$ cat coords11.tsv   # TSV, C-alpha atoms
chain	number	residue	atom	x	y	z
A	1	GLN	CA	93.49	31.54	37.86
A	2	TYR	CA	94.44	28.53	35.91
A	3	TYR	CA	97.36	26.18	36.05
A	4	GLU	CA	98.36	24.37	32.87
A	5	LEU	CA	100.19	21.03	32.59
A	6	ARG	CA	101.14	19.77	29.07
A	7	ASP	CA	102.61	16.35	28.31
A	8	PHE	CA	102.25	13.34	26.01
A	9	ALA	CA	99.85	10.49	26.72
A	10	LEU	CA	97.11	8.52	24.94
A	11	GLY	CA	99.27	8.52	21.83
A	12	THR	CA	98.99	12.28	21.49
A	13	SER	CA	99.63	15.55	23.27
A	14	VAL	CA	97.53	16.38	26.36
A	15	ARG	CA	96.77	19.64	28.13
A	16	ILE	CA	95.27	19.89	31.58
A	17	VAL	CA	93.96	23.33	32.68
A	18	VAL	CA	92.60	23.56	36.20
A	19	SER	CA	91.59	26.11	38.82
A	20	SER	CA	90.79	25.33	42.46
A	21	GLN	CA	90.78	27.34	45.71
A	22	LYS	CA	90.47	24.13	47.72
A	23	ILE	CA	93.35	21.95	46.50
A	24	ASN	CA	96.52	23.07	44.73
A	25	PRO	CA	95.70	22.82	41.01
A	26	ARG	CA	99.17	21.31	40.39
A	27	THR	CA	98.11	18.35	42.55
A	28	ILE	CA	94.83	17.89	40.64
A	29	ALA	CA	96.68	18.14	37.29
A	30	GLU	CA	99.38	15.66	38.37
A	31	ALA	CA	96.66	13.16	39.43
A	32	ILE	CA	94.95	13.59	36.08
A	33	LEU	CA	98.17	13.09	34.09
A	34	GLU	CA	98.97	9.96	36.08
A	35	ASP	CA	95.53	8.51	35.20
A	36	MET	CA	95.91	9.44	31.51
A	37	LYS	CA	99.27	7.67	31.41
A	38	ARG	CA	97.87	4.70	33.34
A	39	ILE	CA	95.05	4.29	30.77
A	40	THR	CA	97.63	4.73	27.95
A	41	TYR	CA	99.55	1.63	29.05
A	42	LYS	CA	96.67	-0.46	30.37
A	43	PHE	CA	94.66	-0.29	27.16
A	44	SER	CA	97.61	-0.16	24.72
A	45	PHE	CA	97.71	-2.39	21.66
A	46	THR	CA	101.45	-2.92	22.20
A	47	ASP	CA	102.60	-2.28	25.77
A	48	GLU	CA	103.50	-5.45	27.66
A	49	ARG	CA	101.52	-4.15	30.67
A	50	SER	CA	98.35	-3.88	28.64
A	51	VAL	CA	95.19	-5.89	29.43
A	52	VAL	CA	94.07	-5.34	25.80
A	53	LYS	CA	97.36	-6.92	24.63
A	54	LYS	CA	96.75	-9.73	27.16
A	55	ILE	CA	93.35	-10.47	25.65
A	56	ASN	CA	94.70	-10.10	22.05
A	57	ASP	CA	97.59	-12.42	22.79
A	58	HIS	CA	95.25	-15.04	24.28
A	59	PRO	CA	92.77	-16.01	21.47
A	60	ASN	CA	90.31	-18.87	21.99
A	61	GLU	CA	90.58	-18.59	25.78
A	62	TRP	CA	88.28	-17.16	28.44
A	63	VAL	CA	90.37	-14.38	29.91
A	64	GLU	CA	89.69	-13.02	33.41
A	65	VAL	CA	89.74	-9.26	33.53
A	66	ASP	CA	89.17	-6.49	36.04
A	67	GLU	CA	85.94	-4.42	36.26
A	68	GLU	CA	87.40	-1.35	34.57
A	69	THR	CA	88.55	-3.30	31.58
A	70	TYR	CA	85.30	-5.28	31.42
A	71	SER	CA	83.14	-2.19	31.51
A	72	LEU	CA	85.19	-0.34	28.84
A	73	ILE	CA	85.19	-3.24	26.42
A	74	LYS	CA	81.43	-3.71	26.97
A	75	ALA	CA	80.90	-0.01	26.29
A	76	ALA	CA	82.99	-0.11	23.12
A	77	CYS	CA	81.01	-3.10	21.89
A	78	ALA	CA	77.77	-1.24	22.80
A	79	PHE	CA	78.85	1.66	20.56
A	80	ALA	CA	79.64	-0.82	17.78
A	81	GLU	CA	76.10	-2.19	18.09
A	82	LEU	CA	74.59	1.30	18.16
A	83	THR	CA	76.43	2.27	14.96
A	84	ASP	CA	76.06	-1.08	13.12
A	85	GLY	CA	79.79	-1.54	13.26
A	86	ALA	CA	80.79	1.85	11.86
A	87	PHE	CA	82.67	2.26	15.14
A	88	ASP	CA	84.14	-1.16	15.84
A	89	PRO	CA	86.82	-1.87	18.46
A	90	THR	CA	87.82	-5.05	16.59
A	91	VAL	CA	89.72	-3.24	13.83
A	92	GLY	CA	92.90	-4.53	15.54
A	93	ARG	CA	93.79	-7.16	12.93
A	94	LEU	CA	93.35	-4.61	10.14
A	95	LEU	CA	95.37	-1.88	11.97
A	96	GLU	CA	98.13	-4.46	12.46
A	97	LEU	CA	98.07	-5.37	8.76
A	98	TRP	CA	98.29	-1.75	7.63
A	99	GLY	CA	101.14	-1.13	10.12
A	100	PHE	CA	99.35	1.40	12.36
A	101	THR	CA	100.29	-0.64	15.45
A	102	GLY	CA	104.01	-1.33	14.69
A	103	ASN	CA	107.24	0.35	13.52
A	104	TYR	CA	107.04	2.95	10.76
A	105	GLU	CA	108.80	0.56	8.46
A	106	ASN	CA	105.68	-1.67	8.78
A	107	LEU	CA	103.36	1.02	7.39
A	108	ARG	CA	102.16	-0.33	4.04
A	109	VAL	CA	99.23	-0.73	1.70
A	110	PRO	CA	98.15	-4.37	2.05
A	111	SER	CA	96.81	-6.15	-1.00
A	112	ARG	CA	93.10	-6.55	-1.67
A	113	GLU	CA	93.44	-10.26	-1.02
A	114	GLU	CA	95.12	-9.60	2.39
A	115	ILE	CA	92.42	-7.14	3.39
A	116	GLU	CA	89.60	-9.50	2.37
A	117	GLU	CA	91.10	-12.19	4.54
A	118	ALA	CA	91.60	-9.83	7.49
A	119	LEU	CA	87.88	-8.85	7.33
A	120	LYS	CA	87.08	-12.46	8.35
A	121	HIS	CA	89.03	-11.58	11.52
A	122	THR	CA	87.16	-8.32	12.14
A	123	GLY	CA	83.77	-7.72	13.76
A	124	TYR	CA	82.58	-6.76	17.26
A	125	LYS	CA	80.29	-9.76	17.50
A	126	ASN	CA	83.46	-11.88	17.87
A	127	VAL	CA	84.02	-10.49	21.38
A	128	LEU	CA	82.21	-12.72	23.89
A	129	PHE	CA	81.42	-11.88	27.50
A	130	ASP	CA	81.03	-13.90	30.68
A	131	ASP	CA	79.30	-11.57	33.18
A	132	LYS	CA	79.18	-14.35	35.88
A	133	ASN	CA	82.99	-14.57	36.09
A	134	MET	CA	84.00	-11.34	34.32
A	135	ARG	CA	85.83	-12.99	31.47
A	136	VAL	CA	86.23	-11.98	27.81
A	137	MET	CA	87.00	-14.20	24.83
A	138	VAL	CA	87.98	-13.17	21.32
A	139	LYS	CA	86.99	-15.61	18.58
A	140	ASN	CA	87.88	-15.81	14.89
A	141	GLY	CA	91.26	-14.26	15.58
A	142	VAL	CA	89.92	-10.78	16.25
A	143	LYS	CA	91.99	-8.24	18.10
A	144	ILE	CA	90.58	-5.31	20.12
A	145	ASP	CA	91.93	-1.79	19.63
A	146	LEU	CA	90.44	0.95	21.87
A	147	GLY	CA	92.11	3.93	20.19
A	148	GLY	CA	88.70	5.19	18.94
A	149	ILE	CA	87.28	5.54	22.48
A	150	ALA	CA	90.20	5.60	24.94
A	151	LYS	CA	90.85	9.36	24.77
A	152	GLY	CA	87.19	10.06	25.56
A	153	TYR	CA	87.22	7.58	28.39
A	154	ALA	CA	90.43	9.11	29.85
A	155	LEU	CA	88.94	12.60	29.47
A	156	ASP	CA	85.76	11.66	31.30
A	157	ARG	CA	87.90	10.09	34.09
A	158	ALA	CA	90.03	13.21	34.21
A	159	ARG	CA	87.00	15.39	34.96
A	160	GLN	CA	85.83	12.91	37.64
A	161	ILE	CA	89.30	13.07	39.26
A	162	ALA	CA	89.30	16.88	39.33
A	163	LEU	CA	85.78	17.06	40.80
A	164	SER	CA	86.65	14.41	43.39
A	165	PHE	CA	89.40	16.76	44.68
A	166	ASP	CA	87.15	19.78	44.53
A	167	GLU	CA	83.51	19.71	43.45
A	168	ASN	CA	83.85	23.35	42.43
A	169	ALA	CA	86.99	23.04	40.33
A	170	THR	CA	86.95	24.59	36.90
A	171	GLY	CA	88.96	24.16	33.67
A	172	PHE	CA	89.23	21.61	30.90
A	173	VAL	CA	91.25	18.67	29.74
A	174	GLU	CA	92.34	18.11	26.14
A	175	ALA	CA	93.87	15.12	24.39
A	176	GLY	CA	94.65	15.28	20.71
A	177	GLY	CA	91.90	17.77	19.91
A	178	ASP	CA	89.24	16.11	22.09
A	179	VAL	CA	88.14	18.26	25.05
A	180	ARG	CA	86.19	17.64	28.27
A	181	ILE	CA	85.07	20.64	30.33
A	182	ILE	CA	85.73	20.35	34.08
A	183	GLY	CA	83.76	23.47	34.98
A	184	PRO	CA	82.99	26.86	33.49
A	185	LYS	CA	85.67	29.45	32.97
A	186	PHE	CA	86.13	31.71	36.06
A	187	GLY	CA	83.15	29.76	37.40
A	188	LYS	CA	80.72	31.50	35.07
A	189	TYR	CA	81.67	31.50	31.39
A	190	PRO	CA	81.90	29.17	28.43
A	191	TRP	CA	85.21	27.96	27.10
A	192	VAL	CA	85.76	29.04	23.51
A	193	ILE	CA	86.90	26.17	21.36
A	194	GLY	CA	88.19	26.50	17.81
A	195	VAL	CA	87.27	23.82	15.24
A	196	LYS	CA	90.43	23.38	13.16
A	197	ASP	CA	90.57	23.44	9.38
A	198	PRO	CA	91.60	19.93	8.31
A	199	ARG	CA	93.56	21.61	5.46
A	200	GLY	CA	94.86	24.81	7.00
A	201	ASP	CA	96.15	26.55	10.02
A	202	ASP	CA	92.93	28.58	10.44
A	203	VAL	CA	89.88	27.92	12.59
A	204	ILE	CA	86.73	27.19	10.60
A	205	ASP	CA	84.28	27.68	13.52
A	206	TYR	CA	84.12	28.58	17.22
A	207	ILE	CA	82.01	26.85	19.78
A	208	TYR	CA	81.17	27.80	23.32
A	209	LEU	CA	80.97	25.14	26.03
A	210	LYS	CA	80.20	25.62	29.71
A	211	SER	CA	79.97	21.82	30.09
A	212	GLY	CA	80.17	18.58	28.12
A	213	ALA	CA	82.69	17.59	25.55
A	214	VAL	CA	83.83	17.94	21.97
A	215	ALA	CA	85.80	15.39	19.91
A	216	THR	CA	87.10	15.46	16.34
A	217	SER	CA	88.10	12.56	14.05
A	218	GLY	CA	90.07	13.56	10.99
A	219	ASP	CA	92.20	12.25	8.17
A	220	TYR	CA	95.14	14.26	9.45
A	221	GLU	CA	95.48	12.61	12.91
A	222	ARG	CA	97.48	9.51	11.92
A	223	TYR	CA	98.42	8.97	8.28
A	224	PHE	CA	101.15	7.97	5.86
A	225	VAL	CA	101.54	8.61	2.11
A	226	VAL	CA	102.47	6.16	-0.62
A	227	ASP	CA	102.61	7.29	-4.25
A	228	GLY	CA	100.81	10.53	-3.57
A	229	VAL	CA	97.90	8.87	-1.75
A	230	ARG	CA	97.06	9.32	1.93
A	231	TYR	CA	96.29	6.27	4.10
A	232	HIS	CA	94.91	7.30	7.47
A	233	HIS	CA	94.00	5.21	10.53
A	234	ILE	CA	90.21	5.59	10.42
A	235	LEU	CA	89.35	2.35	8.68
A	236	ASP	CA	85.87	1.46	7.52
A	237	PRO	CA	85.39	-1.83	9.36
A	238	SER	CA	83.17	-3.19	6.57
A	239	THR	CA	85.80	-2.64	3.84
A	240	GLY	CA	89.16	-2.71	5.62
A	241	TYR	CA	90.36	0.47	3.86
A	242	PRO	CA	90.63	4.07	5.17
A	243	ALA	CA	87.22	5.64	5.11
A	244	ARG	CA	86.99	8.16	2.21
A	245	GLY	CA	85.02	11.26	1.28
A	246	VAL	CA	85.47	13.05	4.62
A	247	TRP	CA	88.19	15.30	6.07
A	248	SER	CA	86.84	15.67	9.62
A	249	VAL	CA	83.87	15.15	11.89
A	250	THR	CA	83.46	17.12	15.14
A	251	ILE	CA	80.93	16.02	17.75
A	252	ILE	CA	79.62	17.90	20.74
A	253	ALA	CA	78.17	15.54	23.35
A	254	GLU	CA	77.41	15.17	27.03
A	255	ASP	CA	80.55	13.19	27.63
A	256	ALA	CA	83.80	12.63	25.92
A	257	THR	CA	83.46	8.85	25.62
A	258	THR	CA	80.31	9.38	23.49
A	259	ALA	CA	81.86	12.23	21.48
A	260	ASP	CA	85.03	10.18	20.77
A	261	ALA	CA	83.24	6.93	19.71
A	262	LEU	CA	80.65	8.73	17.64
A	263	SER	CA	83.15	11.03	15.92
A	264	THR	CA	84.84	7.86	14.59
A	265	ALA	CA	81.53	6.33	13.54
A	266	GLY	CA	80.38	9.59	11.91
A	267	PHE	CA	83.65	9.87	9.99
A	268	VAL	CA	83.11	6.38	8.56
A	269	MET	CA	79.41	6.87	7.81
A	270	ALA	CA	79.54	10.43	6.40
A	271	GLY	CA	81.37	9.43	3.23
A	272	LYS	CA	78.34	7.32	2.26
A	273	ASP	CA	75.30	9.50	3.21
A	274	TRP	CA	76.36	12.69	4.94
A	275	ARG	CA	72.79	14.08	4.98
A	276	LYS	CA	71.54	11.08	6.91
A	277	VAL	CA	74.46	11.34	9.34
A	278	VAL	CA	73.71	15.02	9.98
A	279	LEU	CA	70.05	14.13	10.52
A	280	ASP	CA	70.45	11.01	12.68
A	281	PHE	CA	73.52	11.74	14.85
A	282	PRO	CA	71.95	14.49	16.98
A	283	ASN	CA	69.28	12.02	17.97
A	284	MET	CA	72.02	9.85	19.51
A	285	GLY	CA	73.25	12.92	21.39
A	286	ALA	CA	76.03	13.69	18.88
A	287	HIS	CA	75.70	17.31	17.68
A	288	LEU	CA	77.94	17.59	14.72
A	289	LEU	CA	79.90	19.42	12.09
A	290	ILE	CA	81.34	17.53	9.09
A	291	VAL	CA	84.02	18.83	6.73
A	292	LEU	CA	83.57	16.85	3.55
A	293	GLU	CA	86.42	16.06	1.18
A	294	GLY	CA	86.96	19.26	-0.78
A	295	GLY	CA	86.13	21.46	2.19
A	296	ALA	CA	82.34	21.85	2.33
A	297	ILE	CA	81.06	22.21	5.90
A	298	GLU	CA	77.77	20.60	6.92
A	299	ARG	CA	76.43	20.82	10.42
A	300	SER	CA	73.33	20.01	12.37
A	301	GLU	CA	71.01	22.72	13.56
A	302	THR	CA	71.82	21.54	17.10
A	303	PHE	CA	75.55	22.19	16.46
A	304	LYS	CA	74.69	25.80	15.50
A	305	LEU	CA	73.28	26.34	18.98
A	306	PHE	CA	76.87	26.14	20.36
A	307	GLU	CA	78.23	28.74	17.94
A	308	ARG	CA	77.33	31.62	20.27
A	309	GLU	CA	78.14	32.18	23.94
$ encode --input "coords11.tsv" --output "structure tokens"
Amino acid sequence: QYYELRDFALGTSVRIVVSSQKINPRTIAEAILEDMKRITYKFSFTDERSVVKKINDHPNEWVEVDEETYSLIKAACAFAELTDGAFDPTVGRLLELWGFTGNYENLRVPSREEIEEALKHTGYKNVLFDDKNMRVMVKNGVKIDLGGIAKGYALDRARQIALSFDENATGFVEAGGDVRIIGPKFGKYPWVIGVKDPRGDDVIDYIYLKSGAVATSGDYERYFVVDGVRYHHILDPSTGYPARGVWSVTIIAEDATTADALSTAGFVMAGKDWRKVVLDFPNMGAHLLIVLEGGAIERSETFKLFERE
């Protein structure tokens, strides 16, 4: 039987549910929470201890970084390339402009002119790498924000931590409605995961996972309202405005890093050609369900496979 630890990390609420006969589950959960918090501060846009902030605050300079940081930034840029910038970790300047990174009083709708200028300071190709010396440089004033991938990364690490304590541990870890399975329930069964209605308190679908991960991006995660209009944090990197036409995208994938990055990309892309997203995403390993603006649900045939135990 399962121990549960709930707390706040990764800018959200987290839940760690673990069973082990080898190591006290409270020990495994504590280890996991410590790592989630560690990642929260290390990759923060704002925390003074952050390596992301260090890079952002040192433009036009080759900045030495550690292997963890190097590998995560490389991975985030590799997702940006895979999705033609639909996921792009260089939305930092735009997030800062809109106020998503600062005090609530900074939340605002920037002018068209401000956004057009900030797009010149957006784009993953502005992050340069020195593999010889493990240095990163940001050109054209770009700033990195890892909020679209960091939960997945932390979740994947969390599973690795649990299994390092006990290869036969079971349970799951959750952060803000992203989930990574540690091992099957009672060692045998799938975990039953509810896909939330982006406009209600009800579940719109249930999926069954013995392994892997699920992640959801939605217009309800981080938003503000001005004059009756919602401005949420999932910006289209090509326009600099909140991506429109989509309420949520849920991705089942092999790992949470993939599910997290691709749920962001799918959210951005689905408001332009949802049919093509539903077709193409499964071939990148992202099995998906989209709730379009207005409430229509579209999902891949692969997603349907997970709708029964």
$ closest_residue --input "coords11.tsv" --among "A:108, A:191, A:301, A:156" --to "residue 229 in chain A" --atoms "only C-alpha atoms"
A:108
$ residues_near_point --input "coords11.tsv" --point "(91.1, 8.0, 23.6)" --cutoff "10 Å" --atoms "only C-alpha atoms" --output "list in words"
residues 9, 10, 11, 12, 36, 39, 40, 43, 146, 147, 148, 149, 150, 151, 152, 153, 154, 155, 175, 176, 178, 215, 256, 257, 260 and 261 of chain A
$ atom_distance --input "coords11.tsv" --atom1 "CA of residue 244 in chain A" --atom2 "CA of residue 86 in chain A"
13.1 Å
$ closest_residue --input "coords11.tsv" --among "A:234, A:5, A:203, A:225" --to "residue 28 in chain A" --atoms "all atoms listed in the file"
A:5
$ atom_distance --input "coords11.tsv" --atom1 "CA of residue 69 in chain A" --atom2 "CA of residue 44 in chain A"
11.8 Å
$ closest_residue --input "coords11.tsv" --among "A:79, A:223, A:124, A:186" --to "residue 263 in chain A" --atoms "all atoms listed in the file"
A:79
